[PDB]
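[1] Got a sequence here, can you build the structure:
(5 chains)
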Amino acid sequence: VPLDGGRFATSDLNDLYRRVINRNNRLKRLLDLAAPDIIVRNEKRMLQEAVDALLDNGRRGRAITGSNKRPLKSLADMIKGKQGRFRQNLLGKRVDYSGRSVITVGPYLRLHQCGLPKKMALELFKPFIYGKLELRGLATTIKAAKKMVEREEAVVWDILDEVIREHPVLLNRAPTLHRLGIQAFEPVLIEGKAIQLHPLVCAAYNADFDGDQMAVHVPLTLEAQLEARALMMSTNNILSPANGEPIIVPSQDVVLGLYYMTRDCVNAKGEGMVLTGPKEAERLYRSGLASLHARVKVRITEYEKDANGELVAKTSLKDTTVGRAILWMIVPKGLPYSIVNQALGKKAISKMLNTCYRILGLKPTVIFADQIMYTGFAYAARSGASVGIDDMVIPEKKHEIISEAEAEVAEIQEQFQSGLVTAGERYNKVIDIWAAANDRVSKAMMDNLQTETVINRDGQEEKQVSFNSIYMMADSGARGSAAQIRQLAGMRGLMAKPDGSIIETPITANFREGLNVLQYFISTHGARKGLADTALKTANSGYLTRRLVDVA
Amino acid sequence: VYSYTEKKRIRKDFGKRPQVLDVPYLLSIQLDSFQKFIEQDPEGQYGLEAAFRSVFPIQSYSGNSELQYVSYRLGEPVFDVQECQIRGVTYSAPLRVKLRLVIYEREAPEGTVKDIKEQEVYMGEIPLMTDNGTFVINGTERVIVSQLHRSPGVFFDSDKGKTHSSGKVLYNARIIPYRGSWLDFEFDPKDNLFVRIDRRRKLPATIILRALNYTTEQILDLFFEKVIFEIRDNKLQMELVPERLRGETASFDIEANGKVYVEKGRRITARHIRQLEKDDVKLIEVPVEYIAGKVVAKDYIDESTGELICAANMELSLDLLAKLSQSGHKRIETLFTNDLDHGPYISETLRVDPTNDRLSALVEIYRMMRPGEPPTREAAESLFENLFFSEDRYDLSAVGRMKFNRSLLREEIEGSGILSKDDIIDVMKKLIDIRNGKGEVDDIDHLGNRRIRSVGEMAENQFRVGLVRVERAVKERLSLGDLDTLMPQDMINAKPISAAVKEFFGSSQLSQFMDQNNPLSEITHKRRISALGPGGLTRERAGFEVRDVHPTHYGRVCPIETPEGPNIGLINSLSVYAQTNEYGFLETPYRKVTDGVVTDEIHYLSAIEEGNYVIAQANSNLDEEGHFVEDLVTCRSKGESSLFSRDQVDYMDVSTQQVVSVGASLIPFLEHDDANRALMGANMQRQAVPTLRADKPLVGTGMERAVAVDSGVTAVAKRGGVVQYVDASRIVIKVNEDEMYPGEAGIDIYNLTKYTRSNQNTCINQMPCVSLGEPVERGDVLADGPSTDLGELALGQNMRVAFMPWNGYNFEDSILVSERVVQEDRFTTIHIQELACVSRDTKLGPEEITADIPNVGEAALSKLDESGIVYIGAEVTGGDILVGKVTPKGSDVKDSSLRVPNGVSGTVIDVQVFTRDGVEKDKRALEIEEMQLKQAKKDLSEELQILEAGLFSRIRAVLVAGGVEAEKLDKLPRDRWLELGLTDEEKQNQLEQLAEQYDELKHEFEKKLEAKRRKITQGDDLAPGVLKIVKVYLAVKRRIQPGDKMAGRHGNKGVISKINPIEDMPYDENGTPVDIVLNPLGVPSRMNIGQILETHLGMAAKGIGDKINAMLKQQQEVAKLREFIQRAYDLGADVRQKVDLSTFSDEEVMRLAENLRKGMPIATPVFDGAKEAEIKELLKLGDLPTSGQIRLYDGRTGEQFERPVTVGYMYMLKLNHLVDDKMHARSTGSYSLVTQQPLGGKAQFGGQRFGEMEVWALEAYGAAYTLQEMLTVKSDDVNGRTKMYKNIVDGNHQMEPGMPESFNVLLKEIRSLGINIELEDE
DNA sequence: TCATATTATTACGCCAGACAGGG
DNA sequence: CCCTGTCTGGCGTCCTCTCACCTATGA
RNA sequence: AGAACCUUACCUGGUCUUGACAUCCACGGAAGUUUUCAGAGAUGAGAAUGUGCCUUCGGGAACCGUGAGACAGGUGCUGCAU
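    Numbering: from 1, shown residues only, chains lettered A, B, ... in the order given. Next up is the structure itself:
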């Protein structure tokens, strides 16, 4: 084929075949003419090398080349390699009725449905719309229907909502590693140009929303619609196939909304009042007469199913909070009240959904996963859980710990000037005292964050776990750990140079205090090594998955 | 004092450390390199003169003619840069070289030549550099990126562990020339020394010594010291210097002087060496078992019989001693082969050597280098004497000789370019010393061992390739030269030089397309140091250590600005203050510290000098004298950050920005961010699109000014003065007299580049930021470019941001945006698309440009004229027609008429047409000809008249010393004017002088306008081949929408999720909604805490802005404004700014306060930024709460959010990953040729590659039918897909699968081998 | 335009697999 | 003849987007 | 839906011939304004004023004059070509 212009961009195999035929014609003419021995030996040898270069180029000494120094691609190089026929056109194919766009959240969704734009929906479903238009009788020939959807008149959007309705689509994030990276949804049409994807499902795709893209595929035939609904639907994938752990675990905002909701404080509005049900618990929270965390005797009716498939009601007064009753309005019947009576971090909400799946089955667990996500988003919005510069509380004991460590390294180096100790024992003693001082700084800040709030109730003071914002983001398990909150308040440890050995002078400044120049440069050693490790680790991880699914 | 656009809006500058060295010109690498390449520099170094003095004078092989050189020159470019980008030509210059051919007679080395000839011949065109550091190669604007490669000169590398699988180290030594053959020495685990040349076969290394005319005895003289056995009274005693016994076991009885020194069994200690030196012990009698393992040094022959006793390098036995003792050779020289220190590596290599003399050594080297073809005396000697020893094919440069003498601890640094005997012998000696223990290896990441190539060096190497090809051509033509009938262009040819230099500037791995969407991105693609390219490492192979940051990067390479992905740490970006060494290394400034007092003199160092000295830290507290206020200070000695004394240091860091680059020193509060998020923040900050309304970062670092000036996107004033401000077309600046030349009266007319296409389809546009009649100074800015605001650098815009979860719409990293952001068009960016249409004559006649578009009805002839082509302007979308361009016979007509692509809208801003000389109808082509024709003359006369007006007044102005008669000077109006005599006393010939000016003005204007019409009157200017050349420039205006990507400066990426109404936003109690809601959960994990301090400090900045907006709106007399502005500019600790505000004339306070009512801009520098107490104190100057947190109500429910939230102003950027460039869908369209599967991409309307892991994921489910239609019906099988399309549109979802076509393609490709693959029984 | 037919750089890192060498 | 360095081949992540550039010769 | 002249296309005489009406060049004159004798009048001969928008000055656009032709003109014929 010619490219855009007036010349033909010729393939490499035409060069190979044209050389074999040029040489073969020369050899026939020389055997006609009775050339001497050395001429026809060179001629047959050039034909041998030409045939051997046509079949598998470069297996002989240095491969032939046309333009410019790059070798030209032979038949065996049309078969082998990453870009042969197996790995590039027979195992993986390019696919019609498919689309691709940037994802975004849309938290109003139920977890069996996803948002799909109107422009992509009218392009992916052109033949179904053509068939629907031809059934009604609005048009006649196929051309008329293609002009109608090329113009996009007022009547094809009702046709589109009547071809969408019960027709699943396969959403697919581009590095699909396990089977939960292709899931089938039902479309809900979107004014917009971005796929709205239900948030819980994101933890299956490893999909954040920092610029990600996903592909949509349409199951055309009827068996494929039934496979998308009965095997690949997103309600059907609620447990990861690698183990027994649920994969529709609530990820980050919703566990903060729950951890702020089901908690307590030693005095609030409506401390120790008594409530006749969870409905008036939410009514007291909404009207402005109690607080979301205020300990209260309620009367809840938990249904324990102790018989053989019969739900027995037991009603009692639990000493609980307001938020635990409001969250009890969403729990299905069979679970006991003690699943919400605690503080509900992330491990606790994961085993809440797991006990709901083991007891009440699939359909209450799907609808209860949605109600968890809705109430987590709503009370995280009502929480106003910001992050400030004052939330990262510096330990008051931090500077004296650093000065005691500086006195200790001064003692060790004064022994080093007088030669009492060895050099390796000096390096070991310095790394040991900076590890001990690091642990003491972490314990100072961790006490100063985990119990900083000290509020009185009707008299003398009484302490409790803190409502500091970074501490709830750490204790809830939403985002953060001990190490990250340690590096934002306490000293950020002893960073290591790329030699593999540690550096004897640590980074005594956290991020709330400023790092100076040398400390940031040592930090950049430690972080450049991590980025290089991930960006080179991913190739071995993918090649390991390939070898494993081809031995299986 | 300040300049006049500095007093417009002076940014509140935190920062305690006084800067001593201002920032160098940020494009100096590119400009200094290319100014070195083209410059007339006598003494030859470096440049084009080095190329001509290497290649010339050419003399042929005794052909008695010798073409020599005189001088070169570069003429004017025929196309200036703008019309060069428009047309598509290179931006080049013709290289006029004077060449002087002299031709000899017979027998004239000394005789005078018989004839000369000389001419200014023309070879090539070299592409000049634009004033901003760019090229224009073929219409497009490209940048050569500076390479980072291994220096020439010896390197002693180890490879300690991986080979031999036994933990035994090797030690190789590579002599890397700048041009020529590579010579490597290397041990092997048998402890033998091996040479290899150009990574070829392995020769035992002493053969190269035997190739340098060294006998075996001379080699053993070099690499071994002699132990002397004297034949004496009995048992052949030994000279013993006591150094040789260090650390060995006493095998025999060590006694002398009648005294037993050391007995057998104990090892010899250094106290025993002191005993032997104090007792003066040299000669001791040895047993016969001591010599029975040693090796002879030189040869010995039996004197009377006349034959050989033993060859050199022969081990000794007792009967050999009975041979040599009875002959009469009294001295025996043995080789001291210490097992600890002085190993016998050369001697065992000589035992491996199959050669004996020089000639067989050269024959074996020639059989190594060029195999098959025979090894004769002349051929092998010419090979080996031109491998390393001739000036043509082997040349360590000056850098190579400096590194080569420095790594061998030589004294000198300048020497000859070739090697010698002594250099190869010294490399072998240092390698042996490293094996013995003394001296150590070199590392390759050490930036003293790592040179930079730049534009001038790379273009000079390519130009030298072209010159050696043209000298082989000149040697060709001259021996076939007949004289005198040729002049020097039948010999020389302009083709190979131009071919080579356009090969490099067009298709190389470093001459690459400029990332141009941003002033930052231009100025940080020009400052780029790539490890890749020719002669360097590759992306997909290496490695771990070359991708990692080494302690010599401090102040030379940015540690944190490197692109994430497949090439991390290969594409390093250069630091802010780092220049380039004379040899090409990276030297960075330091402040010389003689004693306690840190001196303000600067001094540049590279990494092979930074190790020796002790260099302080940038922020170490020194007060009022330079004395370090502590008695101990953190420094770094040899790449090790350690704490040293007050008075030991020799250098200090210059300024605290100097570690990082110009991409990541624009991030305020860098020191509070993590390193990873600073990397992601700088790499995204390169990617910002220019918004429609540029908006001044409230929290900047003060480096915005230098980046926005030094990248040439703003129209910086060349000569200061006032202004005339016609400006609709050009800024016209009248020049003050001190900066103004005596002749060339002169006023500067700046060209503003209005709406045009960038390289990334963004819009580069300049707008004047000075009014009419306003003073400007030299170096001041006049026109704000893209993403600039009054000379600062405004990539994104500053918006009110709340940190809270808001109903899930900002879940992972999403961002929830009000409607006030999209109503104000405060991200509505402008994109420009160039679309070409050509009507080439493929076949069956030429194609045609006519509106008479076929089949298609009264839906073709619409946005066009009666003669075809889009009629300009208009609200064109997708599926429209721009250029009717269709042929007959292609009832056989078709529609190739270039239309508008699917999904885009826009306005036709410009239509260019340099078409096939004929595009015209009956007259538009010549209709506009007269328009431009009359235009030229008009301005030509106008300009003359403009100067004439100024000159006429000037005539009268000077008319005072020679006729001031006001009533006797207003005679003729447009006729003459001055008519008075003068004589002498004072020179008033001024009238005569100005008379010539006007006289020459009119005389030159005619000629100027004479060529104007000549140029005007023309078909059009372009190349041949292509016929119909119609380029149409659309300009889409994209706003913002759910799905775009925004980001701050700290690494906080986001896809804007919901575009809320104004009402539903979280409003504080004052009533203002917040603009953008981010998510707090990103902040504890991604440890980029700097965005919060930017949020609080931007809140304080707009607090001052709201306070000034109240004091100026509710208008107060300027005393209260200058008092509040003075309080705002004093504010807190000891800073550098304060202000001199009472000298702003009671109006420059008000113009400043007009430019501050949107918020007071604050410079928070990079590592010496604003502390937290100053943020709190500035939040107390404004009336804002000290915590940074305001209680916010909810727009939905009207009720307060508990636990007050953070609101502030973050500077958020819109990155050019827009969602309606990514949205794509395909049902059915076109496919490829070879395969039956769909095409790929978006510009090709193609479908999604359902790859391999998705097939494994469908196999993981039970999706057997979904996969079957996913690879047979939807993709490949042609009968299956046509039956499926008809089955769908009938209303029958059922597939008739069949076999994929690409599998039958597989069968024919396998079967086209000798392979019979089939398909068996039914 | 229409047949004529191939030369003057090196700088991955294991990891199997086959091969001449020698105690 | 069983260990053995040494040499030769054969791997090295998926998906996507933007741009430019394409054999010499020749009576 | 209006013939004294005009209208008017008809008759009688007196006259004009690139023309009463247009476009085009060439080159003579700014257009126009006023007034005189002969003649039925058409026309054929005189005296007064003006030079505006712009010129490396071979000159121009409005408005008269002359010659060349290209053309104008025709209420001339065919309503049985329309």
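[2] Tell me if residue A:258 really is in a strand.
    No: per DSSP: H, G, I helix; E, B strand; the rest coil, residue A:258 lies outside any strand segment and is helix.
[3] Skipping its backbone neighbours, what lies nearest it in space?
    Nearest non-adjacent residue to residue A:258, counting by CB to CB, 6 or more residues apart in numbering or on different chains: residue A:344, 4.8 Å away. The way it works is simple: take the backbone N, C-alpha and C, and place the C-beta from them, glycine included.
[4] OK, contacts around the one you found?
    A:255, A:258-259, A:261-262, A:327, A:352 (CB atoms under 8 Å, 6 or more residues apart in numbering or on different chains).
[5] what about it, which helix or strand?
    Assigned by DSSP states H and E, residue A:344 belongs to no helix or strand.
[6] How about the secondary structure of residue B:1213?
    Under the three-state scheme (three-state DSSP), residue B:1213 adopts strand.
[7] right, I mislabeled it, should have said residue B:99
    Under three-state DSSP, residue B:99 comes out as strand.
[8] any idea how far stretch A:36-52 is from the chain center?
    A distance of 61 Å separates the centroid of the chain from that of stretch A:36-52, by CA atoms, centre = their mean, to the nearest Å.
[9] And for that stretch, what's in contact with it?
    Here stretch A:36-52 makes contact (CB under 8 Å, 6+ apart) with A:16, A:19-20, A:23-24, A:26-27, A:30-31, A:35, A:59-60.
[10] residues from chain B in reach of RNA strand E?
    B:941, B:1006-1007, B:1009-1010 (CB under 7 Å from any atom of the strand).
[11] which residues touch the residue in the stretch 251-400 of chain A that DNA strand C sits nearest to?
    With CB to the nearest atom of the strand as the measure, residue A:251 is the residue of the stretch 251-400 of chain A nearest to DNA strand C, at 36.9 Å. Residue A:251 makes contact with A:199-200, A:202-203, A:478, B:811-812 under the criterion CB under 8 Å, 6+ apart.
[12] I'd assumed it was in a helix, is it?
    No: Residue A:251: not assigned to a helix; according to three-state DSSP it is coil.
[13] any idea how far residue A:348 is from it?
    15 Å (CB to CB, to the nearest Å).
[14] Where does the stretch 251-400 of chain A get nearest to RNA strand E, which residue?
    residue A:389 (71.2 Å).
[15] Next, count neighbours for that residue.
    Counted with other CB atoms under 10 Å in any protein chain shown, the neighbours of residue A:389 add up to 20.
[16] before we move on, what about residue A:357?
    20.
[17] Which helix or which strand is home to it?
    Taking DSSP H and E as the criterion, residue A:357 maps to helix A:347-360.
[18] What parts of the stretch 451-600 of chain B come near DNA strand D?
    Residues of the stretch 451-600 of chain B lying near DNA strand D (CB under 7 Å from any atom of the strand): B:503, B:506-507, B:513, B:540-541, B:565-566.
[19] among these, which ones are buried?
    Buried members of these, scored by 16 or more other CB atoms under 10 Å in any protein chain shown: none.
[20] Go through those residues and flag which are in strands.
    Using DSSP state E, residue B:513 are the members of these that sit in strands.
[21] Among the residues of the stretch 451-600 of chain B next to DNA strand D, which lie within helices?
    Using DSSP state H, the subset of those located in helices is B:503, B:506.
[22] Make TSV out of the residues of the stretch 451-600 of chain B next to DNA strand D and add distance to residue B:1180.
    Listed next are these as TSV, based on distance: CB to CB, whole Å:
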residue	distance to residue B:1180
B:503	65
B:506	61
B:507	61
B:513	51
B:540	56
B:541	58
B:565	45
B:566	50
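[23] before we move on, the earlier item: kindly reformat the residues of chain B next to RNA strand E as JSON lines containing distance to chain A and neighbour count.
    Formatted as JSON lines, the residues of chain B next to RNA strand E follow (distance: CB to the nearest CB, whole Å; neighbours: other CB atoms under 10 Å in any protein chain shown):
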{"residue": "B:941", "distance to chain A": "46", "neighbour count": "15"}
{"residue": "B:1006", "distance to chain A": "46", "neighbour count": "13"}
{"residue": "B:1007", "distance to chain A": "43", "neighbour count": "9"}
{"residue": "B:1009", "distance to chain A": "41", "neighbour count": "18"}
{"residue": "B:1010", "distance to chain A": "40", "neighbour count": "11"}
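[24] So what pairs up with the residue nearest to residue B:203 when sequence neighbours are not counted in the strands?
    Residue nearest to residue B:203 in three dimensions, not counting chain neighbours: residue B:195, with 5.2 Å by CB to CB, 6+ apart. Beta-bridge partners for residue B:195, by DSSP bridges, are residue B:185, residue B:203.
[25] picking up where we left off before, then the residue of the stretch 251-400 of chain A closest to RNA strand E would be within a strand, right?
    No: counting by three-state DSSP, residue A:389 is not found in a strand; it is coil.
[26] Please report how far it lies from residue A:302.
    Taking CB to CB, one finds residue A:389 at 44 Å from residue A:302.
[27] on that earlier part again, from the contacts of residue A:344, which is closest to chain B?
    Of all the contacts of residue A:344, chain B sits closest to residue A:255, with 9.5 Å by CB to the nearest CB.
[28] picking that back up, as JSON lines, the residues of chain B next to RNA strand E with secondary structure would be great.
    Formatted as JSON lines, the residues of chain B next to RNA strand E follow (three-state DSSP):
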{"residue": "B:941", "secondary structure": "helix"}
{"residue": "B:1006", "secondary structure": "helix"}
{"residue": "B:1007", "secondary structure": "helix"}
{"residue": "B:1009", "secondary structure": "helix"}
{"residue": "B:1010", "secondary structure": "helix"}
